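S.K.: Read top to bottom, the protein sequences are chains T, H, F, U and V. Last residue of the first sequence: number 272 in PDB author numbering, and the count goes up by one each step with no gaps. Last residue of the second sequence: number 375 in PDB author numbering, and the count goes up by one each step with no gaps. Last residue of the third sequence: number 375 in PDB author numbering, and the count goes up by one each step with no gaps. Last residue of the fourth sequence: number 166 in PDB author numbering, and the count goes up by one each step with no gaps. Last residue of the fifth sequence: number 161 in PDB author numbering, and the count goes up by one each step with no gaps. One structure coming up, written as structure tokens, with questions to follow.
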Amino acid sequence: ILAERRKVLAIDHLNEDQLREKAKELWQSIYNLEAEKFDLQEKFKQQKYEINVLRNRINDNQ
Amino acid sequence: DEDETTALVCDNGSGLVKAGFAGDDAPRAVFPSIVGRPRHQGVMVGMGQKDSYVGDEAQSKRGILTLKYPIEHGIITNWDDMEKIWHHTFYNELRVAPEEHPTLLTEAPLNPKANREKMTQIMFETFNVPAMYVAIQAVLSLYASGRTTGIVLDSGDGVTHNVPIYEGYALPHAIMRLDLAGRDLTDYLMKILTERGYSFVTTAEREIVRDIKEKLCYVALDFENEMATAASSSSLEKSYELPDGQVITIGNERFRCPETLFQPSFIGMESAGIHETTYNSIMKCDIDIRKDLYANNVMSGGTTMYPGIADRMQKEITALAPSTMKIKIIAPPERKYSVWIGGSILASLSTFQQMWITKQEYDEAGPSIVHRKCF
Amino acid sequence: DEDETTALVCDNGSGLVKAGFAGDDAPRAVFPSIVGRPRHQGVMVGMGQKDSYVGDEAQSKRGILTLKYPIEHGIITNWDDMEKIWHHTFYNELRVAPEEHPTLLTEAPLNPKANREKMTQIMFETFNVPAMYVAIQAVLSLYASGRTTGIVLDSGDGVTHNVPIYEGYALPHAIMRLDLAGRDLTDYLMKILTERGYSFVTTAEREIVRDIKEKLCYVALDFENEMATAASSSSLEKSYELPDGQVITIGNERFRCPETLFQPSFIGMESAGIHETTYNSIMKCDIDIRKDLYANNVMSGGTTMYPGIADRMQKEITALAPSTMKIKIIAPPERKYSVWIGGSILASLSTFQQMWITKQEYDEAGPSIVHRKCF
Amino acid sequence: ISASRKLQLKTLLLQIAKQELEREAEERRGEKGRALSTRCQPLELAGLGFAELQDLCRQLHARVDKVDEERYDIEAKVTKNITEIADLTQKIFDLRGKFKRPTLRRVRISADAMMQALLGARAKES
Amino acid sequence: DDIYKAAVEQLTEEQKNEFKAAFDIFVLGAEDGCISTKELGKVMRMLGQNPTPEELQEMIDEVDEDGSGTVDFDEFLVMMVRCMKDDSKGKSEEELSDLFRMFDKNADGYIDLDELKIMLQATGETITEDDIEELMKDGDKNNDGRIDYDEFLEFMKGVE
Numbered sequence: 211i212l213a214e215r216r217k218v219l220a221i222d223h224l225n226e227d228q229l230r231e232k233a234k235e236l237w238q239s240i241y242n243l244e245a246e247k248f249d250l251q252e253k254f255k256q257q258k259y260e261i262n263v264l265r266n267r268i269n270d271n272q
Numbered sequence: 001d002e003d004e005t006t007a008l009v010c011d012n013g014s015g016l017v018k019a020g021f022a023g024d025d026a027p028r029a030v031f032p033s034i035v036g037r038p039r040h041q042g043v044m045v046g047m048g049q050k051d052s053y054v055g056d057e058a059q060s061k062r063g064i065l066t067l068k069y070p071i072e073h074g075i076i077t078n079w080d081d082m083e084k085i086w087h088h089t090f091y092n093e094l095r096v097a098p099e100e101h102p103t104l105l106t107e108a109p110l111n112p113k114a115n116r117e118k119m120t121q122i123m124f125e126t127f128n129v130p131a132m133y134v135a136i137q138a139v140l141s142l143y144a145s146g147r148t149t150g151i152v153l154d155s156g157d158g159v160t161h162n163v164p165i166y167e168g169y170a171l172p173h174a175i176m177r178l179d180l181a182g183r184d185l186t187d188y189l190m191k192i193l194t195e196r197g198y199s200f201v202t203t204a205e206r207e208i209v210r211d212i213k214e215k216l217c218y219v220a221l222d223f224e225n226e227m228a229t230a231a232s233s234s235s236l237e238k239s240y241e242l243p244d245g246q247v248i249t250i251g252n253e254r255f256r257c258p259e260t261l262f263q264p265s266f267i268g269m270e271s272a273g274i275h276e277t278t279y280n281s282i283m284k285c286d287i288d289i290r291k292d293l294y295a296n297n298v299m300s301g302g303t304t305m306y307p308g309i310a311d312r313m314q315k316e317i318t319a320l321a322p323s324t325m326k327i328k329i330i331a332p333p334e335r336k337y338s339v340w341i342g343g344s345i346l347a348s349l350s351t352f353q354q355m356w357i358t359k360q361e362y363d364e365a366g367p368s369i370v371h372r373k374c375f
Numbered sequence: 001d002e003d004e005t006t007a008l009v010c011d012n013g014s015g016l017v018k019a020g021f022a023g024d025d026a027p028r029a030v031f032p033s034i035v036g037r038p039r040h041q042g043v044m045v046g047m048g049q050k051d052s053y054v055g056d057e058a059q060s061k062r063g064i065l066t067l068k069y070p071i072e073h074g075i076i077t078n079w080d081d082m083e084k085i086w087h088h089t090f091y092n093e094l095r096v097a098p099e100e101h102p103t104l105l106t107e108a109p110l111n112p113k114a115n116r117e118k119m120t121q122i123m124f125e126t127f128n129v130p131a132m133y134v135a136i137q138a139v140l141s142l143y144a145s146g147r148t149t150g151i152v153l154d155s156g157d158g159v160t161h162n163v164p165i166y167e168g169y170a171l172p173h174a175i176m177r178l179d180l181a182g183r184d185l186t187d188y189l190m191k192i193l194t195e196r197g198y199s200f201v202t203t204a205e206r207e208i209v210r211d212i213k214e215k216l217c218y219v220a221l222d223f224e225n226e227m228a229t230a231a232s233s234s235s236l237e238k239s240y241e242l243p244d245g246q247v248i249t250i251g252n253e254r255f256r257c258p259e260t261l262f263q264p265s266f267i268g269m270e271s272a273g274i275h276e277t278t279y280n281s282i283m284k285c286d287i288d289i290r291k292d293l294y295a296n297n298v299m300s301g302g303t304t305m306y307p308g309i310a311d312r313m314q315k316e317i318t319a320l321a322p323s324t325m326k327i328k329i330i331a332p333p334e335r336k337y338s339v340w341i342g343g344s345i346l347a348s349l350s351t352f353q354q355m356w357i358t359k360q361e362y363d364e365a366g367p368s369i370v371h372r373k374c375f
Numbered sequence: 041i042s043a044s045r046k047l048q049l050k051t052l053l054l055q056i057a058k059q060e061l062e063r064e065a066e067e068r069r070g071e072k073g074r075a076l077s078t079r080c081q082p083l084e085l086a087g088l089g090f091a092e093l094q095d096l097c098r099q100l101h102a103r104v105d106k107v108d109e110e111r112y113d114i115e116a117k118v119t120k121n122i123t124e125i126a127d128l129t130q131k132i133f134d135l136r137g138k139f140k141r142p143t144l145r146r147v148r149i150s151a152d153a154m155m156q157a158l159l160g161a162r163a164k165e166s
Numbered sequence: 002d003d004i005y006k007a008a009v010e011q012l013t014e015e016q017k018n019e020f021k022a023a024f025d026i027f028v029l030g031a032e033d034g035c036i037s038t039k040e041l042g043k044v045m046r047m048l049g050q051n052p053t054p055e056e057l058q059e060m061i062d063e064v065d066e067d068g069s070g071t072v073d074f075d076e077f078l079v080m081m082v083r084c085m086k087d088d089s090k091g092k093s094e095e096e097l098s099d100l101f102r103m104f105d106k107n108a109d110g111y112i113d114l115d116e117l118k119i120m121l122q123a124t125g126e127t128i129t130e131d132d133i134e135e136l137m138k139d140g141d142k143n144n145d146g147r148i149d150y151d152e153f154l155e156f157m158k159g160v161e
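Set out below in structure tokens:
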């Protein structure tokens, strides 16, 4: 699956221009995956906080 | 919740997993090695209800669950259930994150390598532990007891390993692996309680009989004297309260069950008995070793808690032993807990800090590393 | 006010039909399961006059009607009559068309499948309901009472079902249904009132005796003491007023009617009674279940409304039960209406919406679908 | 004091905690913007040679794969913590319940209808 | 009741006079002059409804805050603005978590006294430190000086 999200990179038939295009599109994909990573990190931090509170209530509930 | 990267210690038996952190003198909790599953069809809506329950959850909701153990005479055969037991142990009750701690597990030295290799694999691959060690139960009871020499007799829930140690060394030709333990004693008791009119078959019933044995049974220093007396008079009966308000009284069954340890033939087993296997582990050692093992008959695990067993085992070996030799049982209060305790001591020894398998060594070496680094 | 397509809830028994909208805490009205028909030759013309009358219409015009019940001993025997009972229930009094609302109907756990299949068929084919579910009355009784665990003892008009539930799961092997119910108690009372000189056999008369039972019976926690005095003195007789101004006084017969629930042989039934079926449902469950069922006998149905039945039942179960154990009865005001109340609770749960049979699923599979999806 | 003042105080607490959620979200989103500009800096494509462009494509593709897998790990963690929050809230609400099932009532019918049906000519304001 | 206390305060003097005349018609034959059992009964039969006595006593004693045992004209206004429901949607557990991560500025799990202090002081209306202490005690059911999550829910459940 890591291999599946490892997309196909075909850069032989691409001349210099389509090489620039492929490099930039891979860069943009990197940017978007960094975006999802940061969002899931913020969600996970809010989650760890709320789970601190949840175990607080658990101690209060049991 | 720990303030140091102390090693974790977990003693995974067929009965319960004892667990806590290295440096303590006791596990934080004992987690029965049980995964329960509902055996009935739900009728009400909005009841929650999970596909499985683990450890104490499995026992607390047992009225409608079928309960099974993942460990067979010391070897884990059901790894899905042990991951749930281990996860629950670290995640909910020990309040532990193994990623930040070395972990020490225990095992009989006589069990198939598959178990020590797989335990090493799960802590590194599922729990991401930075380091591992799997320790020998003969060793662990001896550390807990303050001994370097002796015959270690577990008579546990799963297996009896019968292993002689001298000056910290194994004497392997004198080892008696025995397929007799508390799980067999319990089944025997269910059959003889059936003779009395109380039929115990299902999970709730199996857990009741294990509780009856734990609270009412003893081995007897002299079986025949207790046998003849208990079979002749009600003065030897002891009562037990069944959960529904009914009661059971138990007579000579109170000792006939534990007696199987000395007489394996009671359950169809072909065996010398725990006192002879202990004896043979002393006897098969060299002549200049024998005297030290006679003086160091070392208890490990549970069942060593039965009334008359520490006095009986010493008498049974004495009866087989040569004269001159002084025979003694080492039966500390660290009973039923000495293997875990030994793990705490061992994990913490300065002399043991290089015995740990690190994550990097594991990844380069593969799972077979346990054979080269642990035992 | 109903500004939301809330599910409609109706409990259709051999006695009466409880109906209202999900989200309320009571049926809006109780419609007896009666279809009345004229049994006399008309002489006047332009008098209106229906082919049949339903529910309260059937009782209001009963002076010349024969009154029939479409439901008997827990099941629908006449579903064309039920379509009329339901049409009236929904369109004349609740004033709602099921076409725009899911509908929840209820039955006992071992009730013959034809009952749930016809409930499903009529609501989908004559009412065009967008969805259906047939629920178990025992679930609903537990939901109304705030329980997940207990014995539901539901003696109603045509049947006593007796079903143990633990953690929301049915224990079906421990269900003990009886052909013992309020309709038979009415018949027993008619025979003993006949012995007193008040012979009741026609529909109007049968309805009067039922009304007498509801207002005069007290069951008796100690029936031997009550018969000794009630049969000896007028001081324990209660006067009942009849529609034509007559007065009937009833003495030990006042409790002999309910006594049949403890002595079923009174109506020709081979049974140990309602207190024993409650007890046997506990006894056929595992011993780690029994403690919770003993502490939670759950009263449902209508016989639970005698002024003294809770004490009659607790005394009988504790008499049958082991000592030490605590035997308790849960007897909330949600009596006689607990199924409807539970129906509203179920219908409104978020955890129940996926349980509905939709009209599309019904049209593709036919009414037998209810047997596969509901329970 | 007037309890309308108390309603105003509590609804202002609600709105102000909403604006505090907004300021915390503003912190998090500014962090996201800066850490995204730095996590993946805009490329410079002009002048780079053919083989060098293929090497850069290989690098950026491997980085695609790796940051994908990393956000995927944080996603798995988020899923675990979603299950955790949901199930711990279920457990608590059970310990905080078994009596806390929400009930609806429709005796709470709109006051205007019965207001009219009762007062007639004088029931004009409510 | 701050919701429906604002609701009655949302009424104009004309609505109050109408409800006063309705109260005058309400108690025709009242032994208490207030809305007791028979008053509810007669004003319900005034339209033709037949409720149960237990529901009636429930409605009497619930809106009775002091333990007077009857419904006074003020409680009558409360039930009048009750059936015309004003406080919509009662922002709740998830919104309250969005609010509670803020309330607990410490990111620990409990709204500390300085935290709820800043929270109230930022509301804009008249803010005393008594507000902070008592909203603590009412939120923090433990009165430990720290409002837990569930404590914040029951602190702000149903609040418009």
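Cβ coordinates follow ideal geometry from the N, Cα and C atoms, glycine included.
If you follow the alpha helix (DSSP H) that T129 (chain U) is part of, which residue opens it and which one closes it?
M.R.: Unbroken alpha helix (DSSP H) run through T129 (chain U): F90 to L135.
S.K.: What are the uninterrupted segments assigned as alpha helix (DSSP H) that are 4 or more residues long and contained completely in the segment 68-140 of chain F, given in chain order?
M.R.: List check, alpha helix (DSSP H) in window: 79-87 and 113-125.
S.K.: In its own chain, which residues sit with a C-beta less than 7 Å from the C-beta of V209 (chain F), not counting the 5 before and 5 after it?
M.R.: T186, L189, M190, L193 and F200, listed in sequence order.
S.K.: To the nearest angstrom, how far is it from the Cα of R335 (chain H) to the Cα of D141 (chain V)?
M.R.: Roughly 46 Å separates the two Cα atoms.
S.K.: Report the rounded CA-to-CA distance for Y91 (chain F) versus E99 (chain F), giving the unit in angstroms.
M.R.: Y91 (chain F) and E99 (chain F): Cα-Cα distance of roughly 11 Å.
S.K.: Would you kindly report the start and end of the unbroken alpha helix (DSSP H) that includes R37 (chain H)?
M.R.: Unbroken run through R37 (chain H) is the beta strand (DSSP E), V35 to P38; no alpha helix (DSSP H).
S.K.: Since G20 (chain F) is in the beta strand (DSSP E), which residue starts that stretch and which ends it?
M.R.: Segment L16 to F21, the beta strand (DSSP E) holding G20 (chain F).
S.K.: Evaluate contact between the segment 32-51 of chain F and the segment 60-74 of chain F, counting only Cβ atoms and requiring at least three cross-stretch pairs below 8 Å.
M.R.: Short answer: they touch.
S.K.: For the segment 254-268 of chain T, list every residue whose C-beta sits within 8 Å of some C-beta in chain U, in sequence order.
M.R.: Under the 8 Å Cβ criterion, the segment 254-268 of chain T contributes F254, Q257, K258, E260, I261, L264, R265, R267 and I268.
S.K.: Kindly indicate which three-state DSSP category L8 (chain H) falls into: helix, strand or coil?
M.R.: DSSP places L8 (chain H) in strand when its eight states are reduced to three.
S.K.: In angstroms with no decimal places, state the Cα-to-Cα distance between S234 (chain F) and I250 (chain F).
M.R.: Going from the Cα of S234 (chain F) to the Cα of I250 (chain F) covers about 9 Å.
S.K.: Measuring alpha carbon to alpha carbon, tell me which residue in H:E72, H:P32 and H:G302 is nearest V219 (chain H).
M.R.: The residue with the shortest Cα to Cα distance from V219 (chain H) is H:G302.
S.K.: Less than 8 Å between the beta carbons of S338 (chain F) and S155 (chain F), yes or no?
M.R.: No, they are not a contact pair.
S.K.: Which same chain residues, not among the five before or five after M176 (chain F), have their C-beta less than 7 Å away from its C-beta?
M.R.: The residues are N162, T277, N280 and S281.
S.K.: Compute the Euclidean distance between the alpha carbons of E195 (chain H) and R267 (chain T), then round it to the nearest angstrom.
M.R.: Approximately 50 Å, taken between the alpha carbons.
S.K.: Can you name, in chain order, every residue of its own chain whose Cβ lies under 7 Å from the Cβ of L16 (chain H), other than the five neighbours on each side?
M.R.: Correct list, in chain order: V30, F31, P32 and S33.
S.K.: DSSP puts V54 (chain H) in a beta bridge; with which residues?
M.R.: Answer by DSSP bridge pairing, in chain order: H:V35.
S.K.: State buried or exposed for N297 (chain F), treating a residue as buried only when at least 16 other CB atoms are found within 10 Å of its CB.
M.R.: Classification for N297 (chain F): buried.
S.K.: Nearest by alpha-carbon distance to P142 (chain U): which of V:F74, V:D75, V:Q58 and V:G159 is it?
M.R.: It is V:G159.
S.K.: Return the CA-CA distance between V247 (chain H) and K284 (chain F), expressed in angstroms with no decimal places.
M.R.: Their backbone Cα atoms lie some 17 Å apart in a straight line.
S.K.: Can you confirm whether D286 (chain F), when its beta carbon is compared against all beta carbons of chain H, has any partner nearer than 8 Å?
M.R.: Answer yes: the Cβ-Cβ gap between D286 (chain F) and chain H drops below 8 Å somewhere.
S.K.: Please determine, among V:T127, V:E126, V:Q58 and V:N144, the residue with the shortest C-alpha to C-alpha distance to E134 (chain V).
M.R.: Minimum Cα distance to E134 (chain V) is reached at V:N144.
S.K.: What in chain T is Cβ-close to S98 (chain V), meaning under 7 Å?
M.R.: Neighbours of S98 (chain V) on chain T, chain order: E260.
S.K.: Flag this pair as yes or no: are the beta carbons of residue 431 (chain H) and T160 (chain H) separated by less than 8 Å?
M.R.: Look at the range of chain H in this structure, 1 to 375, and you will see that residue 431 (chain H) is not part of it.
S.K.: What are the residues in the segment 20-35 of chain V lying within 8 Å of chain T by C-beta distance?
M.R.: Listed in sequence order: no entries.
S.K.: What residues in its chain sit with their C-beta under 7 Å from that of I317 (chain F), if we drop five residues either side in the sequence?
M.R.: These residues qualify, in order along the chain: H275, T278, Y279, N297 and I327.
S.K.: Quick one: which residues of the segment 75-103 of chain U get their C-beta closer than 7 Å to a C-beta of chain T? List them in chain order.
M.R.: Answer in chain order: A75, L76, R79, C80, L83, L85, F90, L93, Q94, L96, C97, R98, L100, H101 and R103.
S.K.: Identify every run of the beta strand (DSSP E) within the segment 153-238 of chain F, keeping only runs that are complete inside it and at least 3 residues long; order them along the chain.
M.R.: DSSP runs (the beta strand (DSSP E)) wholly in the segment 153-238 of chain F: 163-166.
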